[PDB]
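Let me begin by presenting the structure, written as structure tokens, before commenting on it.
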Amino acid sequence: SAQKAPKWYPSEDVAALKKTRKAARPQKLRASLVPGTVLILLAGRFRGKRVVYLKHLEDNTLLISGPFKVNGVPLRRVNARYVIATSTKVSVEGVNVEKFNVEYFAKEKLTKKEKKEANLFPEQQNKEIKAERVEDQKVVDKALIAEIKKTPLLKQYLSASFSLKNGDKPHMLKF
């Protein structure tokens, strides 16, 4: 009537995908990314903060901590291409971060409904850090700070933020 029907029709079946020869491999880090290395954060709310590199995790990110008591940065994950590895180090020989992993830092599957509600009434959000997480931070900080105290200006260094100044040339500057 309105349009002549086709003599044949394309199949609705979807062809199976071919075997993909792309096996996974471990993340290779830069030579300077060695646990204890103080890192400069280049992204996120903690941009400009200095943190101690504690442990590479399963998702290819790095586990870091300010320490929190030292400069406000909590134990958390950070993507390695957003950090500057400095020559300053904090020993992590007495720091046990083996209990921390990707699942530990996984977030709750917030639903769309809940997201909408949060957007509608953000003032009703009452986030709270798990008691465990608080105590975990205390342990990590304790160990790191004990080592930090060996250098009289190190705690101050970590407390201070990082920012480029007029005349600075990052491609010539060393860390």
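Heads up, chain A uses Swiss-Prot numbers, so what you see runs 2-176.
Determination method: electron microscopy, 2.9 Å.
Cβ from N, Cα, C; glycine included.
These come from Swiss-Prot:
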- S2: N-acetylserine (MOD_RES)
- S12: phosphoserine (MOD_RES)
- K128: ubiquitin cross-link (CROSSLNK)
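In this structure, the modified residues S2, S12 were compared by how many other Cβ atoms lie within 10 Å of their Cβ, and the smallest count belongs to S2. Following the DSSP three-state reduction, the secondary structure of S2 (N-acetylserine) is coil.
Rounded to the nearest whole angstrom, the C-alpha distance between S2 (N-acetylserine) and the residue listed as 'phosphoserine' is 24.
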